[PDB]
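None of the figures in this text is laboratory data; all of them are computed from the coordinates on show. Because the Cβ atoms are built from the backbone with ideal geometry, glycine has one as well, and the counts that use them run over all protein chains shown.
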Amino acid sequence: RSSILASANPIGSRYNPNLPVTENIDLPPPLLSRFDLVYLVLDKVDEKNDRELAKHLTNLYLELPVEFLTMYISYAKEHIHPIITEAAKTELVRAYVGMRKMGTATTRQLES
Amino acid sequence: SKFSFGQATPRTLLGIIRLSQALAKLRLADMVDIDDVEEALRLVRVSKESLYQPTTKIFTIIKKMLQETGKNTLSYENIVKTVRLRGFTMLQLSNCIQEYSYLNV
């Protein structure tokens, strides 16, 4: 029993929007359905976000804290046991139905 | 364009940083300036080079003004001022205007 964090390079050299999303991923659908979240991280060339990224990188090589974060995380995993309410039940049903109605919406994504 | 070496990534940015740090550190310098940052940028540009082995000066100002205001008049007040400020003598400008008067302008 464990959690898996995985990183995968795109098929070939870089992501190609001409091919579908499933053809840029080297995973068969049975494996690809299990992951709760797949993040498509795309590299743009827009300076409106590149310059801000550049400042964040460049401000770090001249000359909550982790203890609070781990204390926060270790507390939540130990004491917090949420229970899904009746009202929140309907939203899960409708979200999956709408996602399924666009026809790769396996039921593994519903438990996700 | 089928002309690059495979684009430039954020790794190129840190490439500039490390080269600049390395170049300055070789000269025992404790600080890095443009004289080495440009040199770092030079190396990431020279490497690709092996693959690849006054009437106009006056008229350009007129064309720029024809974009800024676009008035197709025959008398001019902005052109004479700017050309004079550029260091020309009005005899050169008079010859320039005379030529373009014949040259379909």
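Computed values, structure above
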{"item": "Listing of helices (runs of 4 or more DSSP H) fully contained in region A:3-112 that carry 3 or more residues being within 14 Å of another protein chain (Cβ to nearest Cβ)", "result": "A:47-58"}
{"item": "Qualifying residues in region A:23-50 (those that are under 13 Å from the mean Cα position of the chain (by Cα) and among the β-branched types (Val, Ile, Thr)) - the one farthest from A:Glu111 (Cα to Cα)", "result": "A:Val41"}
{"item": "Residue that is among the small types (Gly, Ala, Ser), in a loop (DSSP other than H, G, I, E, B) and out of contact with any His (no Cβ under 6 Å at 6 or more places or on another chain), where the choices are B:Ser20, B:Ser4", "result": "B:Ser4"}
{"item": "Positions within region A:9-22 being under 20 Å from A:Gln109 (Cα atoms) and surrounded by 11 or more Cβ atoms within 10 Å (Cβ to Cβ), in sequence order", "result": "A:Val21, A:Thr22"}
{"item": "Residue in region A:79-89 that is polar (S, T, N, Q) and surrounded by 10 or more Cβ atoms within 10 Å (Cβ to Cβ) present", "result": "no"}
{"item": "Some residue of region B:23-39 being surrounded by 10 or more Cβ atoms within 10 Å (Cβ to Cβ), in contact with a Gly (Cβ under 9 Å, 6 or more places away or on another chain) and either of a type in the set (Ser, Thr, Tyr) or away from chain A (no Cβ under 14 Å) (or both)", "result": "no"}
